[PDB]
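**Q** Contents of target00.pdb (PDB, C-alpha atoms and all ligand atoms):
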```pdb
ATOM      1  CA  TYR J   1      -9.012  -6.992 -19.522  1.00  0.00           C
ATOM      2  CA  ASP J   2      -5.221  -7.608 -19.253  1.00  0.00           C
ATOM      3  CA  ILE J   3      -5.008 -11.116 -17.793  1.00  0.00           C
ATOM      4  CA  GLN J   4      -1.256 -10.662 -17.005  1.00  0.00           C
ATOM      5  CA  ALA J   5      -1.571  -7.279 -15.179  1.00  0.00           C
ATOM      6  CA  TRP J   6      -2.012  -8.935 -11.729  1.00  0.00           C
ATOM      7  CA  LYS J   7       1.690  -9.885 -11.588  1.00  0.00           C
ATOM      8  CA  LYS J   8       3.149  -6.355 -11.566  1.00  0.00           C
ATOM      9  CA  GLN J   9       0.228  -5.217  -9.357  1.00  0.00           C
ATOM     10  CA  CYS J  10       1.271  -7.966  -6.880  1.00  0.00           C
ATOM     11  CA  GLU J  11       4.948  -6.966  -7.160  1.00  0.00           C
ATOM     12  CA  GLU J  12       4.032  -3.349  -6.321  1.00  0.00           C
ATOM     13  CA  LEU J  13       1.817  -4.450  -3.394  1.00  0.00           C
ATOM     14  CA  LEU J  14       4.666  -6.632  -2.038  1.00  0.00           C
ATOM     15  CA  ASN J  15       6.966  -3.620  -2.327  1.00  0.00           C
ATOM     16  CA  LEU J  16       4.471  -1.603  -0.218  1.00  0.00           C
ATOM     17  CA  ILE J  17       4.226  -4.480   2.288  1.00  0.00           C
ATOM     18  CA  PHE J  18       8.070  -4.631   2.595  1.00  0.00           C
ATOM     19  CA  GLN J  19       8.135  -0.797   3.278  1.00  0.00           C
ATOM     20  CA  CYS J  20       5.550  -1.305   6.036  1.00  0.00           C
ATOM     21  CA  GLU J  21       7.101  -1.669   9.539  1.00  0.00           C
ATOM     22  CA  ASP J  22       4.243  -4.118  10.363  1.00  0.00           C
ATOM     23  CA  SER J  23       5.731  -6.630   7.864  1.00  0.00           C
ATOM     24  CA  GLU J  24       8.974  -6.983   9.951  1.00  0.00           C
ATOM     25  CA  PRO J  25       7.892 -10.261  11.662  1.00  0.00           C
ATOM     26  CA  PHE J  26       6.889 -11.812   8.276  1.00  0.00           C
ATOM     27  CA  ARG J  27       9.606 -10.831   5.749  1.00  0.00           C
ATOM     28  CA  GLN J  28      11.687 -14.019   6.110  1.00  0.00           C
ATOM     29  CA  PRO J  29      10.893 -17.659   7.064  1.00  0.00           C
ATOM     30  CA  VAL J  30      10.460 -17.944  10.906  1.00  0.00           C
ATOM     31  CA  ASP J  31      13.705 -18.676  12.845  1.00  0.00           C
ATOM     32  CA  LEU J  32      13.092 -22.023  14.614  1.00  0.00           C
ATOM     33  CA  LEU J  33      15.970 -21.192  17.046  1.00  0.00           C
ATOM     34  CA  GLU J  34      13.934 -18.218  18.431  1.00  0.00           C
ATOM     35  CA  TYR J  35      10.670 -20.302  18.349  1.00  0.00           C
ATOM     36  CA  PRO J  36      11.725 -23.954  18.688  1.00  0.00           C
ATOM     37  CA  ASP J  37       8.122 -25.345  18.876  1.00  0.00           C
ATOM     38  CA  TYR J  38       7.005 -23.456  15.714  1.00  0.00           C
ATOM     39  CA  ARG J  39       6.745 -26.546  13.425  1.00  0.00           C
ATOM     40  CA  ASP J  40       4.812 -28.442  16.183  1.00  0.00           C
ATOM     41  CA  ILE J  41       1.947 -25.904  15.606  1.00  0.00           C
ATOM     42  CA  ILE J  42       2.490 -24.698  12.008  1.00  0.00           C
ATOM     43  CA  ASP J  43       2.335 -27.286   9.219  1.00  0.00           C
ATOM     44  CA  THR J  44       3.185 -24.905   6.327  1.00  0.00           C
ATOM     45  CA  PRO J  45       5.466 -21.956   7.053  1.00  0.00           C
ATOM     46  CA  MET J  46       5.072 -18.939   4.774  1.00  0.00           C
ATOM     47  CA  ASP J  47       6.609 -15.473   4.619  1.00  0.00           C
ATOM     48  CA  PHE J  48       6.702 -12.512   2.214  1.00  0.00           C
ATOM     49  CA  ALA J  49      10.165 -13.263   0.798  1.00  0.00           C
ATOM     50  CA  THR J  50       8.932 -16.767  -0.178  1.00  0.00           C
ATOM     51  CA  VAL J  51       5.806 -15.181  -1.763  1.00  0.00           C
ATOM     52  CA  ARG J  52       7.949 -12.625  -3.682  1.00  0.00           C
ATOM     53  CA  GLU J  53      10.394 -15.276  -4.879  1.00  0.00           C
ATOM     54  CA  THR J  54       7.522 -17.597  -5.959  1.00  0.00           C
ATOM     55  CA  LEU J  55       6.008 -14.679  -7.940  1.00  0.00           C
ATOM     56  CA  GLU J  56       9.345 -13.723  -9.496  1.00  0.00           C
ATOM     57  CA  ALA J  57      10.109 -17.400 -10.378  1.00  0.00           C
ATOM     58  CA  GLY J  58       6.896 -17.445 -12.423  1.00  0.00           C
ATOM     59  CA  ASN J  59       5.445 -20.041 -10.068  1.00  0.00           C
ATOM     60  CA  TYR J  60       2.072 -18.376  -9.440  1.00  0.00           C
ATOM     61  CA  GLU J  61      -0.490 -18.884 -12.180  1.00  0.00           C
ATOM     62  CA  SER J  62      -3.051 -16.439 -10.666  1.00  0.00           C
ATOM     63  CA  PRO J  63      -3.310 -13.794  -7.991  1.00  0.00           C
ATOM     64  CA  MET J  64      -5.645 -16.168  -6.112  1.00  0.00           C
ATOM     65  CA  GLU J  65      -2.675 -18.468  -5.525  1.00  0.00           C
ATOM     66  CA  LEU J  66      -0.544 -15.549  -4.228  1.00  0.00           C
ATOM     67  CA  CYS J  67      -3.477 -14.439  -2.031  1.00  0.00           C
ATOM     68  CA  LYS J  68      -3.722 -17.966  -0.549  1.00  0.00           C
ATOM     69  CA  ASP J  69      -0.037 -17.900   0.438  1.00  0.00           C
ATOM     70  CA  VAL J  70      -0.266 -14.358   1.893  1.00  0.00           C
ATOM     71  CA  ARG J  71      -3.354 -15.399   3.894  1.00  0.00           C
ATOM     72  CA  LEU J  72      -1.350 -18.397   5.187  1.00  0.00           C
ATOM     73  CA  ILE J  73       1.241 -15.937   6.613  1.00  0.00           C
ATOM     74  CA  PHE J  74      -1.564 -14.379   8.626  1.00  0.00           C
ATOM     75  CA  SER J  75      -3.293 -17.636   9.640  1.00  0.00           C
ATOM     76  CA  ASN J  76       0.177 -18.958  10.740  1.00  0.00           C
ATOM     77  CA  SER J  77       0.530 -15.844  12.966  1.00  0.00           C
ATOM     78  CA  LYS J  78      -2.965 -16.342  14.508  1.00  0.00           C
ATOM     79  CA  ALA J  79      -2.328 -20.078  15.075  1.00  0.00           C
ATOM     80  CA  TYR J  80       1.080 -19.469  16.716  1.00  0.00           C
ATOM     81  CA  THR J  81       0.082 -16.434  18.879  1.00  0.00           C
ATOM     82  CA  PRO J  82      -0.198 -17.225  22.627  1.00  0.00           C
ATOM     83  CA  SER J  83      -2.556 -14.207  22.879  1.00  0.00           C
ATOM     84  CA  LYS J  84      -4.837 -12.161  20.622  1.00  0.00           C
ATOM     85  CA  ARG J  85      -3.069  -9.126  22.278  1.00  0.00           C
ATOM     86  CA  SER J  86       0.434 -10.276  21.092  1.00  0.00           C
ATOM     87  CA  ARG J  87       2.629  -7.642  19.400  1.00  0.00           C
ATOM     88  CA  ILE J  88       3.497  -9.803  16.353  1.00  0.00           C
ATOM     89  CA  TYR J  89      -0.151 -11.033  15.973  1.00  0.00           C
ATOM     90  CA  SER J  90      -1.420  -7.403  16.272  1.00  0.00           C
ATOM     91  CA  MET J  91       1.028  -6.408  13.470  1.00  0.00           C
ATOM     92  CA  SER J  92      -0.385  -9.319  11.381  1.00  0.00           C
ATOM     93  CA  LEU J  93      -3.934  -8.021  11.744  1.00  0.00           C
ATOM     94  CA  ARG J  94      -3.052  -4.518  10.530  1.00  0.00           C
ATOM     95  CA  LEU J  95      -0.967  -5.860   7.688  1.00  0.00           C
ATOM     96  CA  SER J  96      -3.781  -8.257   6.734  1.00  0.00           C
ATOM     97  CA  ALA J  97      -6.269  -5.366   6.572  1.00  0.00           C
ATOM     98  CA  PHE J  98      -3.846  -3.422   4.376  1.00  0.00           C
ATOM     99  CA  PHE J  99      -3.273  -6.448   2.143  1.00  0.00           C
ATOM    100  CA  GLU J 100      -6.991  -7.245   1.771  1.00  0.00           C
ATOM    101  CA  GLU J 101      -7.780  -3.580   0.989  1.00  0.00           C
ATOM    102  CA  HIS J 102      -5.188  -3.618  -1.860  1.00  0.00           C
ATOM    103  CA  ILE J 103      -5.644  -7.176  -3.255  1.00  0.00           C
ATOM    104  CA  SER J 104      -9.436  -6.925  -3.787  1.00  0.00           C
ATOM    105  CA  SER J 105      -9.107  -4.869  -7.070  1.00  0.00           C
ATOM    106  CA  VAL J 106      -6.238  -7.120  -8.265  1.00  0.00           C
ATOM    107  CA  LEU J 107      -8.450 -10.233  -7.861  1.00  0.00           C
ATOM    108  CA  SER J 108     -11.524  -8.523  -9.310  1.00  0.00           C
ATOM    109  CA  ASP J 109      -9.621  -7.228 -12.363  1.00  0.00           C
ATOM    110  CA  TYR J 110      -7.994 -10.610 -13.007  1.00  0.00           C
ATOM    111  CA  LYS J 111     -11.262 -12.567 -12.745  1.00  0.00           C
ATOM    112  CA  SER J 112     -12.994  -9.954 -14.966  1.00  0.00           C
ATOM    113  CA  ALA J 113     -10.163 -10.206 -17.553  1.00  0.00           C
ATOM    114  CA  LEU J 114     -10.411 -14.051 -17.573  1.00  0.00           C
ATOM    115  CA  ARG J 115     -14.203 -13.920 -17.963  1.00  0.00           C
ATOM    116  CA  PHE J 116     -13.742 -11.506 -20.908  1.00  0.00           C
ATOM    117  CA  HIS J 117     -11.090 -13.827 -22.401  1.00  0.00           C
ATOM    118  CA  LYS J 118     -13.562 -16.758 -22.153  1.00  0.00           C
ATOM    119  CA  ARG J 119     -16.692 -14.688 -23.193  1.00  0.00           C
TER     120      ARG J 119
HETATM  121  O1  LIG B 201      10.667 -15.162  13.797  1.00  0.00           O
HETATM  122  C1  LIG B 201       9.736 -14.648  13.178  1.00  0.00           C
HETATM  123  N1  LIG B 201       9.938 -13.976  12.028  1.00  0.00           N
HETATM  124  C2  LIG B 201      11.114 -14.176  11.195  1.00  0.00           C
HETATM  125  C3  LIG B 201      12.192 -13.148  11.436  1.00  0.00           C
HETATM  126  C4  LIG B 201      13.537 -13.477  11.415  1.00  0.00           C
HETATM  127  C5  LIG B 201      14.487 -12.508  11.638  1.00  0.00           C
HETATM  128  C6  LIG B 201      14.069 -11.223  11.873  1.00  0.00           C
HETATM  129  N2  LIG B 201      12.779 -10.860  11.898  1.00  0.00           N
HETATM  130  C7  LIG B 201      11.871 -11.827  11.679  1.00  0.00           C
HETATM  131  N3  LIG B 201       8.461 -14.816  13.587  1.00  0.00           N
HETATM  132  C8  LIG B 201       8.000 -16.001  14.311  1.00  0.00           C
HETATM  133  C9  LIG B 201       6.846 -15.675  15.238  1.00  0.00           C
HETATM  134  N4  LIG B 201       5.710 -15.126  14.490  1.00  0.00           N
HETATM  135  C10 LIG B 201       4.435 -15.017  14.910  1.00  0.00           C
HETATM  136  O2  LIG B 201       3.500 -14.927  14.119  1.00  0.00           O
HETATM  137  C11 LIG B 201       4.171 -14.874  16.307  1.00  0.00           C
HETATM  138  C12 LIG B 201       5.026 -14.761  17.389  1.00  0.00           C
HETATM  139  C13 LIG B 201       4.337 -14.320  18.544  1.00  0.00           C
HETATM  140  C14 LIG B 201       3.001 -14.315  18.389  1.00  0.00           C
HETATM  141  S1  LIG B 201       2.533 -14.746  16.816  1.00  0.00           S
HETATM  142  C15 LIG B 201       6.080 -14.566  13.195  1.00  0.00           C
HETATM  143  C16 LIG B 201       7.399 -13.847  13.348  1.00  0.00           C
END
```
Rewrite the structure from the file as structure tokens, please.
Ligand SMILES: O=C(NCc1cccnc1)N1CCN(C(=O)c2cccs2)CC1

**A**
Amino acid sequence: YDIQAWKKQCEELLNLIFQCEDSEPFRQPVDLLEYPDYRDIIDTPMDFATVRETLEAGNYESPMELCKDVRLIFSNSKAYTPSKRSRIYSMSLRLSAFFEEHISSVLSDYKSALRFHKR
């Protein structure tokens, strides 16, 4: 029922995501010189360094907010992909599955802890 525990759990999951070769395309904000039409398609860029720095700044109030930004990395990949068979999109799908498998207990524990706090 530790309502703060999500933050270190998210730090550790980001560490695992950074060790994962599939996170390579998503570790730093997209280079617009390599993809000059990117901001014509993507309204809100997101990447794992931005998520980590937001977490470390103390600028997430909940793991739901972090989850929303991580999901935006993946929806940005889907939206930008010319093909569902793309290399970088295919890496996003595996990394998303890994992320979702690991974040589910972090969200459940947090929401349980906040319900207990409010009981
Ligand atoms: O440039 C990066 N990533 C930043 C970066 C900078 C330097 C080194 N390594 C990665 N993109 C943009 C393209 N992108 C896509 O999701 C898709 C492209 C094709 C199909 S989807 C995410 C990865």

**Q** Give as a ChimeraX atom specification the residues surrounding ligand LIG 201 (chain B) up to a distance of 8 Å, considering all atoms listed in the file.

**A** /J:24-32,34-35,38,73-74,76-83,86-89,92

**Q** Extract, using all atoms listed in the file, all DNA, RNA and protein residues at most 8 Å from residue 103 (chain J), discarding same-chain residues fewer than 5 positions from it, and format them as a PyMOL selection string.

**A** chain J and resi 10+13+67

**Q** Find the residues near residue 105 (chain J): any atom within 12 Å, counting all atoms listed in the file, skip ones fewer than 2 places away on the same chain, and give them as a PyMOL selection string.

**A** chain J and resi 5-6+9-10+13+63-64+99-103+107-113

**Q** Identify all residues satisfying the PyMOL selection byres (((chain J and resi 14) around 10) and not hetatm) in the given file; provide them as number ranges by chain.

**A** J: 8-13, 15-20, 23, 48-49, 51-52, 70, 99

**Q** Rounded to one decimal in Å, what is the spacing between CA of residue 93 (chain J) and CA of residue 7 (chain J)?

**A** 24.1 Å

**Q** From the options J:22, J:98, J:41, J:62, which residue's atoms come nearest to residue 75 (chain J), counting all atoms listed in the file?

**A**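 The shortest atom-to-atom distance to residue 75 (chain J) comes from J:41.
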
**Q** Enter the distance from CA of residue 84 (chain J) to CA of residue 42 (chain J), in Å, rounded to one decimal.

**A** 16.9 Å

**Q** One decimal, Å: what's the distance from CA of residue 96 (chain J) over to CA of residue 115 (chain J), could you say?

**A**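 Those two atoms sit 27.4 Å apart.
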
**Q** Using only the atoms of region 59-64 of chain J listed in the file, plus 3 Å on each side, state the axis-aligned box centre and edge lengths in Å rounded to one decimal, as AutoDock Vina command-line options.

**A**
```
--center_x -0.1 --center_y -16.9 --center_z -9.1 --size_x 17.1 --size_y 12.2 --size_z 12.1
```

**Q** Find the residue from J:66, J:50, J:104, J:21 that sits nearest to residue 91 (chain J); use all atoms listed in the file when measuring.

**A**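 Among the listed residues, J:21 lies closest to residue 91 (chain J).
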
**Q** Please output region 33-45 of chain J, rebuilt to include N, CA, C and O atoms, as a compact mmCIF listing (two decimals), in the frame of the given file.

**A**
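Saved file selection31.txt follows:
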```
# COMPACT_ATOMS: atom_id res chain seq x y z
N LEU J 33 15.14 -21.27 15.82
CA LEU J 33 15.97 -21.19 17.05
C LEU J 33 15.31 -20.25 18.06
O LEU J 33 15.39 -20.50 19.29
N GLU J 34 14.65 -19.20 17.57
CA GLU J 34 13.93 -18.22 18.43
C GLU J 34 12.58 -18.80 18.86
O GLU J 34 12.07 -18.39 19.94
N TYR J 35 12.00 -19.70 18.05
CA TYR J 35 10.67 -20.30 18.35
C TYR J 35 10.76 -21.81 18.13
O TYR J 35 10.31 -22.32 17.12
N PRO J 36 11.40 -22.57 19.03
CA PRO J 36 11.72 -23.95 18.69
C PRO J 36 10.52 -24.90 18.54
O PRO J 36 10.67 -25.94 17.98
N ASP J 37 9.35 -24.52 19.03
CA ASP J 37 8.12 -25.34 18.88
C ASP J 37 7.31 -24.93 17.63
O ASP J 37 6.21 -25.49 17.41
N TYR J 38 7.85 -24.05 16.79
CA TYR J 38 7.00 -23.46 15.71
C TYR J 38 6.42 -24.55 14.83
O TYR J 38 5.22 -24.51 14.53
N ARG J 39 7.22 -25.50 14.35
CA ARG J 39 6.74 -26.55 13.42
C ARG J 39 5.90 -27.62 14.12
O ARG J 39 5.27 -28.39 13.43
N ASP J 40 5.79 -27.61 15.45
CA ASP J 40 4.81 -28.44 16.18
C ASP J 40 3.39 -27.89 15.99
O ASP J 40 2.41 -28.66 16.08
N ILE J 41 3.27 -26.58 15.74
CA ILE J 41 1.95 -25.90 15.61
C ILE J 41 1.66 -25.61 14.13
O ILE J 41 0.51 -25.81 13.69
N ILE J 42 2.68 -25.20 13.39
CA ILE J 42 2.49 -24.70 12.01
C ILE J 42 2.97 -25.76 11.04
O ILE J 42 4.19 -25.98 10.95
N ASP J 43 2.03 -26.24 10.22
CA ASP J 43 2.34 -27.29 9.22
C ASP J 43 3.06 -26.68 8.03
O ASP J 43 3.88 -27.37 7.40
N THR J 44 2.65 -25.48 7.58
CA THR J 44 3.18 -24.90 6.33
C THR J 44 3.63 -23.48 6.58
O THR J 44 2.85 -22.52 6.44
N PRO J 45 4.91 -23.30 6.89
CA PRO J 45 5.47 -21.96 7.05
C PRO J 45 5.28 -21.17 5.76
O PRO J 45 5.33 -21.68 4.67
```
